[PDB]
């Protein structure tokens, strides 16, 4: 019942690409919201913000079309993880990455096209998705 059992710590989001065109050196703005109940992901910037310190899982899946895709998962101010998928004609591809990262309050995580942004073949339409998900797995205790 209300307030009855162990308290549940939640911080999670799952978002998809719509019409946004990637911009060099900027976070990828995923604006389709599968889940963002804590408002910890900001679709106006593409960044997730940690409000509960702990261990987080992040996972992304990209439909690769027209151009190569190369993305970087950033934490705070640093690229942590890289995923490259080359595109050849008539061969849509699927690229993914996932990792665990420990985060402190205020740390931000986001996805960006790698380098100066050329390998930006991320794709979505009414029946194709490119997604980015993150969630708190273990809150810190002390």
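Positions refer to the first chain, counted from 1.
Taking the mean of the C-alpha B-factors per stretch from the entry, tell me the winner out of 59-67 and 43-51. Averaging CA B-factors over each stretch, the winner is 43-51.
Which is higher on mean Cα B factor in this entry, 25-33 or 94-102? Higher of the two, by average CA B-factor, is 25-33.
With respect to C-alpha B-factor, does residue 9 fall in the lowest, middle or highest third of the chain as deposited? Its C-alpha B-factor, which the entry lists for residue 9, ranks in the middle third among residues of this chain.
Name the third of the chain's ranked CA B-factors that contains residue 128, choosing lowest, middle or highest. Within its chain, residue 128 is a lowest-third residue by C-alpha B-factor, going by the deposited values.
Would you mind checking where the Cα B-factor of residue 87 ranks among the modelled residues of its chain, as the lowest, middle or highest third? Answer is middle: the recorded C-alpha B-factor places it there.
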